[PDB]
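K.L.:
The opening position of the sequence shown corresponds to residue 1 in the entry's author numbering, with each subsequent residue numbered one higher.
For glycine and all other residues, C-beta sits at the position ideal for the given N, C-alpha and C.
Below is one structure. I have some questions about it.
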Amino acid sequence: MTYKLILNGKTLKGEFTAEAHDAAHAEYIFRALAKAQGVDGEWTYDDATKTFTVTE
Ligand SMILES: [Cl-]
Ligand code: NA
Ligand code: NA
Ligand SMILES: [Zn+2]
Numbered sequence: 001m002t003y004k005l006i007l008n009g010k011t012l013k014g015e016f017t018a019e020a021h022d023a024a025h026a027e028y029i030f031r032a033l034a035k036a037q038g039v040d041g042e043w044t045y046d047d048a049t050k051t052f053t054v055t056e
């Protein structure tokens with residue numbers, strides 16, 4: 001299934017989609033993406049829209 005990430009960093013910003021088996025796998029992928037970019041903050045997940053956000 002397709003999941004979305006909105007990455008709202010101070011100087012790094014993005015919207016991504018990933019194909020993942022389930023939400024736990026999407027979360028894993030997106031958390032690793034944000035961590036490699038040095039972006040951490042408040043995380044959100046909305047199952048109805050299959051959307052994660054991270055805001056610094
Ligand atoms: Cl895994
Ligand atoms: Na930042
Ligand atoms: Na989790
Ligand atoms: Zn796995």
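1) Express the C-alpha separation of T17 and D47 in angstroms, rounding to a whole number.
2) Along the chain, where does the alpha helix (DSSP H) containing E15 start, and where does it finish?
3) Pick out every residue whose C-beta is nearer than 7 Å to a heavy atom of ligand 1: which are they, in chain order?
4) For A20, which residues of its own chain have a beta-carbon under 7 Å away from its beta-carbon, when the five flanking residues on both sides are left out?
5) Going by CA-CA distance only, name the one from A24, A36, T53 and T11 that's closest to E42.
P.N.:
To lay it out plainly:
1) 14 Å
2) Here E15 belongs to no alpha helix (DSSP H); instead the beta strand (DSSP E) covers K13 to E19.
3) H25 and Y28
4) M1, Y3, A26 and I29
5) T53
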